[PDB]
Amino acid sequence: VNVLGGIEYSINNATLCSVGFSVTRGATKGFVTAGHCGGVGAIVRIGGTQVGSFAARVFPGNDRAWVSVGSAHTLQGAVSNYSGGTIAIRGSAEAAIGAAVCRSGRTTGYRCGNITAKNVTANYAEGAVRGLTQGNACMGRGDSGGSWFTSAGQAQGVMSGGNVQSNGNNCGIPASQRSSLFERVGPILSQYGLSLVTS
């Protein structure tokens, strides 16, 4: 199967999240995503087929993980735009507050907005997660773990949480009322010694 930022994956055949970014660790294939999407060892399926499992995770405190992907599968250094195309990923340079950013996930597809704050703490039910970046692109339950990136292709982070409304998303309110929080990708690559696949 092809691994691509933003596409749906299932966890333990029970819940859903979205791929963050294809990565490698030496010869090992994988992708980064949110830690709250799976415990260690959780079985991951994409496109009706087992592709690997949660190799490591931190959540709460942080909210990060990577899924190691079997060698039979192909990694794509890109993110889906949910209309038949992809956006190439070309690095992980972090963007400043006010910069434009988009995200991609299985519930709300491809959505854009701006970076609005950094080093935010989310008081999730499972506990605090610190150091999150906030944007005002909208998102919904199921987009978790999915790619955040600038249009020029710099990976920002993976979808963590935010102020979803009773319909399960914050797309029904204007961007100015939105709080959509992602875990910065930089420390995930560093902690686990992973390299972005680029194109």
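Cβ sites come from the backbone with ideal geometry, for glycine too, and all protein chains shown count toward neighbours. Any read-out appearing in this document is the output of simple, stated calculations on the displayed coordinates, not a laboratory observation.
Can you give the Kirkwood hydrodynamic radius of the range 77-184 from its Cα pairs, in Å with one decimal?
After inverting the pairwise mean of 1/r, the radius is 13.6 Å.
When each pair of different Cα atoms in the range 1-115 is counted once in the 1/r mean, what is the Kirkwood radius in angstroms, to one decimal?
On the way: mean 1/r = 0.0690 Å⁻¹.
After inverting the mean inverse Cα-Cα distance, the result is 14.5 Å.
In 5 Å bins starting at 0, how do the alpha-carbon pair distances of the range 90-151 split up by percent?
Once binned at 5 Å, the Cα pair distances of the range 90-151 give 4, 17, 24, 27, 21, 7, 1.
If packing is taken as the mean number of other Cβ atoms within 10 Å per residue, what is the order of 135-148, 34-47, highest first?
Details: 135-148: 27.6, 34-47: 19.7.
Result, highest mean Cβ count within 10 Å first: 135-148, 34-47.
Whole-Hz Karplus ³J(HN,Hα) for the range 78-86, in order, using 6.51 cos²θ - 1.76 cosθ + 1.60 and θ = phi - 60°, x for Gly and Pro?
So the Karplus estimates, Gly and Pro as x, are 7, 10, 5, 9, 6, 9, x, x, 9 Hz.
When ranked by the protection proxy of mean other Cβ atoms within 10 Å per residue, highest first, what sequence do the peptides 102-111, 155-164, 64-73, 171-180 form? Don't jump to the answer; show the numbers that get you there.
On the way: 102-111: 23.7, 155-164: 26.1, 64-73: 20.9, 171-180: 15.8.
Ranking, from highest mean packing down: 155-164, 102-111, 64-73, 171-180.
For the chain, max minus min Cα coordinate along each principal axis, in Å, sorted largest first?
In descending order, the Cα extents are 44, 34, 30 Å.
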